[PDB]
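A short write-up of the structure that comes next.
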Amino acid sequence: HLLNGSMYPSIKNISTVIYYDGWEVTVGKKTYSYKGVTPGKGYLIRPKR
Amino acid sequence: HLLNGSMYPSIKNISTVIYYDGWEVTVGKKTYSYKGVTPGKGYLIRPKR
Amino acid sequence: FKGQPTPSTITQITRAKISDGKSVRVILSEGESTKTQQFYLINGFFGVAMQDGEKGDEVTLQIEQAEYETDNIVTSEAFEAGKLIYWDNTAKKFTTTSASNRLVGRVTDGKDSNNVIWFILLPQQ
Amino acid sequence: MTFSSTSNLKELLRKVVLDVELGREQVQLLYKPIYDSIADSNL
Amino acid sequence: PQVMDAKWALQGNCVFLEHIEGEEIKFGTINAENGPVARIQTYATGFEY
């Protein structure tokens with residue numbers, strides 16, 4: 001939205017965004033965790049090259 | 001409405017709002033009041049799970 | 001489950017046995033290295049390093065306590081059938097001198113012409 | 001019988017090349033709109 | 001395969017240095033560019049009940 005009446009345009013060429021939150025499981029006594037994307041941080045990725 | 005050019009948009013994904021104001025009744029020397037929503041407060045509710 | 005509508009509690013069903021225990025993985029220090037299908041004493045575990053580790057990699061020592069064909073003997077010592085067999089890690093060779101050397105098995109077939117001995121592998125005592 | 005025994009003998013193991021983009025950028029003549037060319041072998 | 005072998009290619013190098021009339025020309029060179037190496041691992045899991 002036009003913050004202070006300053007029309008900011010939509011970013012383009014970003015075909016899709018993805019959301020990889022963390023995963024976890026406590027199998028037996030040991031805890032095994034697949035780390036997710038940190039909050040805030042992100043990764044702009046070039047696809048399948 | 002536009003405020004100093006700041007075209008704030010309407011917030012969506014709000015199916016319905018409710019105003020639970022209190023309900024007061026005086027029984028004899030004692031007054032019993034179901035307190036409503038306190039003024040200047042609000043609660044977002046995920047429905048019926 | 002995150003964001004579930006209601007609280008809940010979970011209970012863990014403990015079970016001690018986790019793996020068959022035939023093969024243990026160890027990590028190789030600076031002076032250690034492994035070739036495929038050869039006996040190595042690493043981190044107090046003796047057995048067949050089933051892969052090549054060089055250094056830093058984790059390698060599979062296979063400790064099924066079966067009969068193994070190993071040679072690599074100190075040929076000066078005569079390995080009779082039935083003798084107890086020790087690993088000398090200083091020389092990285094089998095022996096029967098014992099002393100401070102680790103015990104690793106018991107010989108089934110004695111020292112033949114090719115210095116080839118078949119021996120049963122003792123547990124990781 | 002471990003597969004690690006046959007690791008070194010690369011000839012026995014099937015060979016497949018990891019397809020990837022290898023090369024170098026093509027250079028281009030940027031100057032040409034700016035400059036006006038006069039060609040004469042006798043200069 | 002367990003490990004996928006790398007690609008290979010060849011390129012040349014020359015510079016076109018400024019040539020004094022008496023200059024002796026400086027030769028070029030070639031070089032090889034090799035692709036990367038990828039390997040496939042094994043994962044496994046189970047139970048004992």
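Here, A, B, ... name the chains of the structure tokens in the order displayed, residue numbers run from 1 inside each chain, and ligands are numbered from 1 in the same displayed order.
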
Within 6 Å of chain E, which residues of chain D show up? Give each one with its shortest atom-to-atom distance in Å (one decimal) and the two atoms involved, counting only C-alpha atoms, rows by chain then rising residue number, as a tab-separated table.
residue	atom	partner	partner_atom	distance
D:16	CA	E:4	CA	5.5
D:17	CA	E:5	CA	4.7
D:18	CA	E:6	CA	5.3

Just N, CA and C atoms for this one: save the residues we selected as a short mmCIF file (atom, residue, chain, number, x, y, z; two decimals), in the first residue's frame.
data_model
loop_
_atom_site.label_atom_id
_atom_site.label_comp_id
_atom_site.auth_asym_id
_atom_site.auth_seq_id
_atom_site.Cartn_x
_atom_site.Cartn_y
_atom_site.Cartn_z
N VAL D 16 29.14 -42.66 -15.57
CA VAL D 16 28.17 -41.67 -16.03
C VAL D 16 28.72 -40.29 -15.70
N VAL D 17 28.65 -39.38 -16.66
CA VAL D 17 29.20 -38.04 -16.50
C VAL D 17 28.13 -37.13 -15.93
N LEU D 18 28.51 -36.37 -14.91
CA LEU D 18 27.62 -35.40 -14.28
C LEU D 18 27.41 -34.24 -15.23
#

Kindly provide the residues of chain E that approach chain C to within 10 Å, each paired with its closest atom pair and their distance in Å to one decimal, based on only C-alpha atoms, listed by chain and increasing number, as CSV.
residue,atom,partner,partner_atom,distance
E:46,CA,C:19,CA,9.3
E:47,CA,C:18,CA,8.4
E:48,CA,C:18,CA,8.2
E:49,CA,C:15,CA,9.5

Could the residues in this selection be saved with N, CA, C and O atoms as an mmCIF file, in the first residue's frame?
data_model
loop_
_atom_site.group_PDB
_atom_site.id
_atom_site.type_symbol
_atom_site.label_atom_id
_atom_site.label_comp_id
_atom_site.auth_asym_id
_atom_site.auth_seq_id
_atom_site.Cartn_x
_atom_site.Cartn_y
_atom_site.Cartn_z
ATOM 1 N N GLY E 46 14.366 -48.594 10.483
ATOM 2 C CA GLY E 46 13.600 -49.793 10.739
ATOM 3 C C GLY E 46 13.030 -49.847 12.136
ATOM 4 O O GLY E 46 12.998 -48.848 12.856
ATOM 5 N N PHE E 47 12.568 -51.041 12.499
ATOM 6 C CA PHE E 47 11.940 -51.294 13.785
ATOM 7 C C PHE E 47 12.291 -52.704 14.232
ATOM 8 O O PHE E 47 12.827 -53.506 13.464
ATOM 9 N N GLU E 48 11.989 -53.003 15.497
ATOM 10 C CA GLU E 48 12.167 -54.353 16.032
ATOM 11 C C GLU E 48 11.172 -54.528 17.175
ATOM 12 O O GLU E 48 11.460 -54.144 18.313
ATOM 13 N N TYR E 49 10.031 -55.141 16.875
ATOM 14 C CA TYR E 49 8.915 -55.227 17.803
ATOM 15 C C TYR E 49 8.562 -56.684 18.054
ATOM 16 O O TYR E 49 8.516 -57.493 17.123
#

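In the superposition of chain A on chain B, with all Cα atoms paired by position, the RMSD stands at 0.8 Å.
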
Q: When you get a sec, could you note down which chain D residues fall within 12 Å of chain A, using only C-alpha atoms, as a PyMOL selection string?
A: chain D and resi 19-21

Go ahead and dump the residues you just picked, C-alpha atoms, as a PDB file, in the first residue's frame.
ATOM      1  CA  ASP D  19      26.028 -33.184 -16.915  1.00  0.00           C
ATOM      2  CA  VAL D  20      26.813 -29.522 -16.289  1.00  0.00           C
ATOM      3  CA  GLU D  21      27.321 -26.245 -18.152  1.00  0.00           C
TER       4      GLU D  21
END

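For chain A, the residues no farther than 8 Å from chain B when using only C-alpha atoms are residues 1, 2, 3, 4, 5 and 6 of chain A.
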
Would you save the residues of that selection, restricted to N, CA, C and O atoms, as a PDB file, in the first residue's frame?
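Output file out-v6.pdb is given in full below:
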ATOM      1  N   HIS A   1       0.824  -1.202   0.000  1.00  0.00           N
ATOM      2  CA  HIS A   1       0.000   0.000   0.000  1.00  0.00           C
ATOM      3  C   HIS A   1       0.864   1.260   0.000  1.00  0.00           C
ATOM      4  O   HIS A   1       2.023   1.260   0.420  1.00  0.00           O
ATOM      5  N   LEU A   2       0.266   2.351  -0.472  1.00  0.00           N
ATOM      6  CA  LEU A   2       0.993   3.565  -0.829  1.00  0.00           C
ATOM      7  C   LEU A   2       1.438   4.284   0.440  1.00  0.00           C
ATOM      8  O   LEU A   2       0.831   5.261   0.881  1.00  0.00           O
ATOM      9  N   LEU A   3       2.531   3.800   1.024  1.00  0.00           N
ATOM     10  CA  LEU A   3       3.082   4.420   2.224  1.00  0.00           C
ATOM     11  C   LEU A   3       3.437   5.873   1.949  1.00  0.00           C
ATOM     12  O   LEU A   3       4.262   6.164   1.080  1.00  0.00           O
ATOM     13  N   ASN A   4       2.807   6.785   2.689  1.00  0.00           N
ATOM     14  CA  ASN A   4       3.009   8.220   2.506  1.00  0.00           C
ATOM     15  C   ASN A   4       2.696   8.649   1.079  1.00  0.00           C
ATOM     16  O   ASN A   4       3.314   9.573   0.549  1.00  0.00           O
ATOM     17  N   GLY A   5       1.735   7.982   0.450  1.00  0.00           N
ATOM     18  CA  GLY A   5       1.411   8.280  -0.933  1.00  0.00           C
ATOM     19  C   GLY A   5       2.562   8.023  -1.878  1.00  0.00           C
ATOM     20  O   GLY A   5       2.738   8.763  -2.852  1.00  0.00           O
ATOM     21  N   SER A   6       3.357   6.991  -1.606  1.00  0.00           N
ATOM     22  CA  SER A   6       4.481   6.590  -2.451  1.00  0.00           C
ATOM     23  C   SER A   6       4.162   5.208  -3.005  1.00  0.00           C
ATOM     24  O   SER A   6       4.364   4.198  -2.326  1.00  0.00           O
TER      25      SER A   6
END

Can you list every residue of chain C that has an atom at most 10 Å from chain A, with its nearest atom pair and the distance in Å to one decimal, using only C-alpha atoms, ordered by chain then number, as a Markdown table?
| residue | atom | partner | partner_atom | distance |
| --- | --- | --- | --- | --- |
| C:1 | CA | A:24 | CA | 9.7 |
| C:12 | CA | A:28 | CA | 7.2 |
| C:13 | CA | A:28 | CA | 7.6 |
| C:14 | CA | A:28 | CA | 6.2 |
| C:15 | CA | A:28 | CA | 7.2 |
| C:16 | CA | A:28 | CA | 8.5 |
| C:18 | CA | A:28 | CA | 8.9 |

Could you please take those selected residues and save C-alpha atoms as a PDB file, in the first residue's frame?
ATOM      1  CA  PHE C   1       2.155 -30.910  16.266  1.00  0.00           C
ATOM      2  CA  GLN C  12       7.566 -42.335  25.504  1.00  0.00           C
ATOM      3  CA  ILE C  13       7.654 -46.130  25.167  1.00  0.00           C
ATOM      4  CA  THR C  14      11.298 -46.833  25.943  1.00  0.00           C
ATOM      5  CA  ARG C  15      13.146 -49.716  24.299  1.00  0.00           C
ATOM      6  CA  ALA C  16      16.856 -50.230  24.895  1.00  0.00           C
ATOM      7  CA  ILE C  18      18.448 -49.996  19.005  1.00  0.00           C
TER       8      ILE C  18
END

Q: Considering only C-alpha atoms, return as a ChimeraX atom specification whatever protein or nucleic-acid residues lie within 10 Å of range 46-51 of chain C, sequence-local ones (same chain, fewer than 6 positions apart) excluded.
A: /C:23-26,33-40,58-65,68,70,87,102-104,121-125 /D:1-5,7

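The nearest approach to chain D among the residues C:10, C:52, C:117, C:43, with only C-alpha atoms taken into account, belongs to C:52.
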
Q: Compile the contact shell of residue 77 in chain C as a PyMOL selection string: residues with an atom at most 9 Å away, counting only C-alpha atoms, same-chain residues fewer than 4 positions apart removed.
A: chain C and resi 73+95-97

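Between CA of residue 92 in chain C and CA of residue 71 in chain C the interatomic distance comes to 12.0 Å.
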
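For range 27-60 of chain C, a DSSP pass over the backbone yields strand (DSSP E) at residues 27, 38, 39, 40, 41, 42, 45, 46, 47, 48, 49, 58, 59 and 60 of chain C.
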
Could you dump the residues just selected with C-alpha atoms as an mmCIF file, in the first residue's frame?
data_model
loop_
_atom_site.group_PDB
_atom_site.id
_atom_site.type_symbol
_atom_site.label_atom_id
_atom_site.label_comp_id
_atom_site.auth_asym_id
_atom_site.auth_seq_id
_atom_site.Cartn_x
_atom_site.Cartn_y
_atom_site.Cartn_z
ATOM 1 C CA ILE C 27 35.839 -41.675 13.490
ATOM 2 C CA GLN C 38 41.209 -55.094 6.626
ATOM 3 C CA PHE C 39 41.470 -55.326 10.399
ATOM 4 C CA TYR C 40 41.918 -52.157 12.459
ATOM 5 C CA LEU C 41 41.890 -51.255 16.154
ATOM 6 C CA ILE C 42 40.198 -47.837 16.251
ATOM 7 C CA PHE C 45 37.130 -51.419 18.686
ATOM 8 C CA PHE C 46 38.793 -54.178 16.661
ATOM 9 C CA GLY C 47 37.320 -55.518 13.449
ATOM 10 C CA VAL C 48 37.059 -55.339 9.686
ATOM 11 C CA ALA C 49 36.974 -51.745 8.435
ATOM 12 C CA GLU C 58 33.561 -42.393 9.725
ATOM 13 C CA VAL C 59 34.137 -46.047 8.834
ATOM 14 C CA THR C 60 32.331 -49.339 9.452
#

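Residues lying within 10 Å of range 12-16 of chain A, counting only C-alpha atoms and ignoring same-chain neighbours fewer than 6 positions away, are residues 44, 45 and 46 of chain A.
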
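The space separating CA of residue 22 in chain D from CA of residue 41 in chain E comes to 25.6 Å.
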
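Note that CA of residue 113 in chain C and CA of residue 80 in chain C are 12.6 Å apart.
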